[PDB]
Q: 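Sharing a structure with you now.
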Amino acid sequence: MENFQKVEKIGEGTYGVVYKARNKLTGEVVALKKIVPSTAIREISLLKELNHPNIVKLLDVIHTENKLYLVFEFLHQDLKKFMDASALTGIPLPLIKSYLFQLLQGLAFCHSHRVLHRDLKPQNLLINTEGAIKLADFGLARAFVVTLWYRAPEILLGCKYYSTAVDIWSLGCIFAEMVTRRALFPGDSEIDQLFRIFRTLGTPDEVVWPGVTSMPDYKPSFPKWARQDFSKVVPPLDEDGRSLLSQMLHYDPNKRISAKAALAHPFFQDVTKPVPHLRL
Ligand SMILES: NS(=O)(=O)c1ccc(NC(=O)c2n[nH]c3ccccc23)cc1
């Protein structure tokens, strides 16, 4: 590991501290994450082959002194900071739509390889100066302070075998947040998270989500809220954007739109790739 000089700490992630670091041989600047079960080693090693331009590149996996360091390509800014910096005027819709489109490409890729993220959130969506956005920490949750805001309702209801659909749900919540400049469901506990979802989208029932009532953490005592209309939930998003968001936020994970079908949605008919103006 001595092959790296830490330049600065970027922050505490779910799986360890992330450092900006410089390779002493190569000269390259990278993100260095200090995270050992052989099972974790093999899953992580699979992730090195999972290469896509909207997926932060895992450069190296350093198992040393019984410790695990992951070396990634480095990006200069995350979507949370960019959202914060954009909050006076909001992110312009064409850049929201570009970001959403690119992230759906990323998902479509990983999902087609049966790999899910499970913990999408603004802090692991990384952006560069060329107008790209990338998913960071893909596949780590499986290979191995906690924000709940982007958690799919089937996870909160105790489903142990959830699907790629959970990422679509997270990404729908992020889409909404870019548009409105506020978190869609900022729960501060699991029940607060669930009940915020219920209050906006309606308490789910057997009609809209067959099997919901048989889920591990479902309680017949849940209060029954009525669904709100999306026009009230994410103005001033147009009809195509609301329609797509609605399909990303379907309760039933089987009805929820796939990343691949989302890419064909009419919302993306006029998609472009703007460059943001970023201050590094
Ligand atoms: N807070 S901030 O906007 O200044 C900022 C946020 C994030 C990164 N960059 C990173 O954290 C980062 N780059 N590549 C990664 C690969 C995996 C995990 C994190 C990775 C830099 C700056």
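When a residue number appears, it is its place in the shown sequence, counting from 1. Values reported hereafter were calculated over all heavy atoms of this structure, with side chains retained and with hydrogens, waters and symmetry mates removed. One-based numbering, in listed order, for ligands and for the atoms of each.
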Q: Decide whether an N or O pair under 3.5 Å exists between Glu73 and ligand 1.
A: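 Yes: some nitrogen or oxygen of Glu73 is under 3.5 Å from one in ligand 1.
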Q: To the nearest 0.1 Å, how far is atom 18 (C) of ligand 1 from its closest protein heavy atom, and which atom is that?
A: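 Ranking protein heavy atoms by distance from atom 18 (C) of ligand 1, first comes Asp137 OD1, 3.9 Å.
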Q: Return the closest protein heavy atom for atom 12 (C) of ligand 1 as residue, atom name and distance.
A: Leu126 CD1, 3.3 Å
Q: Identify the protein heavy atom lying closest to atom 21 (C) of ligand 1, giving its residue, its atom name and the separation to 0.1 Å.
A: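 Atom 21 (C) of ligand 1 sits closest to the protein heavy atom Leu75 O, 3.1 Å.
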Q: If the plane angle is over 60° it's perpendicular, under 30° parallel, otherwise tilted; pick one for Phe195 and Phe222.
A: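 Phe195 and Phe222: perpendicular rings.
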Q: Counting only heavy atoms closer than 4.0 Å, does ligand 1 sit against the backbone of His76, its side chain, both, or neither?
A: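 The answer is the backbone.
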Q: Tell me the protein heavy atom at minimum distance from atom 1 (N) of ligand 1, and give that distance in Å.
A: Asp78 OD2, 3.9 Å
Q: I need the atoms of ligand 1 closer than 4.0 Å to a non-hydrogen atom of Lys81, numbered in the order shown.
A: 2 (S), 3 (O), 4 (O)
Q: After noting the C-alpha distance and the side-chain angles of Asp205 and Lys224, does the key distance pass the salt bridge (charged side-chain N to carboxylate O under 4.0 Å, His left out) rule?
A: CA-CA 9 Å; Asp205 62 21; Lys224 286 135 95 192; over 6 Å; no
Q: Considering the heavy atoms of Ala31, write down every atom of ligand 1 situated less than 4.0 Å from one of them.
A: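 Once the distances to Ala31 are compared, the set is 12 (C), 13 (N), 14 (N), 15 (C), 16 (C), 20 (C).
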Q: Show the numbers, then the answer: is there a ring-ring contact (aromatic ring centres under 6.0 Å, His included) between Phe138 and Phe109?
A: CA-CA 11 Å; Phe138 228 102; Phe109 180 75; 8.9 Å; no
Q: Considering distance alone, does some N or O of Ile10 sit under 3.5 Å from an N or O of ligand 1?
A: no
Q: Testing the basics here: between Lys97 and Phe268, what is the closest heavy-atom pair and its distance to 0.1 Å?
A: O-CE2, 3.5 Å
Q: Determine, step by step, whether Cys110 and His117 satisfy the side chain to side chain contact (heavy atoms under 4.5 Å, CB included) criterion, reporting the C-alpha distance in whole Å, the side-chain angles of both residues, the deciding distance to 0.1 Å, and the verdict.
A: CA-CA 8 Å; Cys110 288; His117 185 117; over 6 Å; no
Q: Report yes or no: does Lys33 have a heavy atom closer than 4.0 Å to ligand 1?
A: no
Q: Starting from the C-alpha separation in whole Å, work towards a yes-or-no answer on side chain to side chain contact (heavy atoms under 4.5 Å, CB included) for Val7 and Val29.
A: CA-CA 9 Å; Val7 355; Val29 330; 5.9 Å; no
Q: Is a donor on one side and an acceptor on the other found under 3.5 Å between the side chain of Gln102 and the backbone of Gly131?
A: yes
Q: For ligand 1, which atoms have a heavy atom of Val56 less than 4.0 angstrom away?
A: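 Near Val56, meaning under 4.0 Å from one of its heavy atoms, ligand 1 has 14 (N), 15 (C), 16 (C).
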Q: Within 45° of the six-membered ring axis of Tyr69 and under 6.0 Å from that ring's centre, is NZ or CZ of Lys67 located there?
A: yes
